[PDB]
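The opening position of the sequence shown corresponds to residue 129 in the numbering used here, with each subsequent residue numbered one higher.
For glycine and all other residues, C-beta sits at the position ideal for the given N, C-alpha and C.
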Amino acid sequence: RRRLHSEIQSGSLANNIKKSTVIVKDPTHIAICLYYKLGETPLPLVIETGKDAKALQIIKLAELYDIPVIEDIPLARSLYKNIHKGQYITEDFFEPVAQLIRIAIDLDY
């Protein structure tokens with residue numbers, strides 16, 4: 129039998145958070161989920177975003193799945209405005225996102 133629309137939506141959101149590399153948040157309720165996989169993605173990409181209730185939801189799922197969350201107001205707002213879901217970060221973001229990822233994760237290289 130088919131699952132409820134709400135279950136497909138919640139399940140879909142959960143899976144995208146679970147596979148996120150790092151989430152960048154603003155306390156006014158923006159959350160940006162970055163995805164990077166060495167050899168697959170040439171650059172980090174924005175996999176999910178949210179504002180207000182959706183931001184709160186993303187942040188709570190992040191806590192559930194132990195995904196690193198960094199507060200960075202200017203970077204959250206700028207990514208929100210500029211890098212839409214499915215898009216790679218652009219050059220102005222390379223250094224700030226690199227630094228973000230190094231806060232969140234121990235590479236390696």
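Buried versus exposed, by CB contacts within 10 Å (16 or more), residue i
| i | result |
| --- | --- |
| residue 191 | exposed |
C-alpha gap between residue i and residue j, whole angstroms
| i | j | result |
| --- | --- | --- |
| residue 176 | residue 206 | 15 Å |
| residue 203 | residue 134 | 31 Å |
| residue 167 | residue 180 | 34 Å |
| residue 160 | residue 141 | 13 Å |
| residue 234 | residue 165 | 14 Å |
| residue 193 | residue 221 | 26 Å |
| residue 216 | residue 143 | 19 Å |
Selected residue, minimal CA-CA separation from residue i, among the options
| i | options | result |
| --- | --- | --- |
| residue 231 | 163, 198 and 209 | 198 |
| residue 178 | 209, 227 and 218 | 209 |
| residue 200 | 146, 228 and 148 | 228 |
| residue 139 | 225, 171, 214 and 189 | 189 |
Presumed contact (8 Å Cβ cut-off) between residue i and residue j, rounded CB distance
| i | j | result |
| --- | --- | --- |
| residue 212 | residue 183 | Going by Cβ atoms, the distance from residue 212 to residue 183 rounds to 16 Å, so no, they are not a contact pair. |
Check whether the region 129-136 touches the region 146-159, taking contact to mean three or more Cβ pairs, one atom from each stretch, closer than 8 Å.
-> No, they do not touch.
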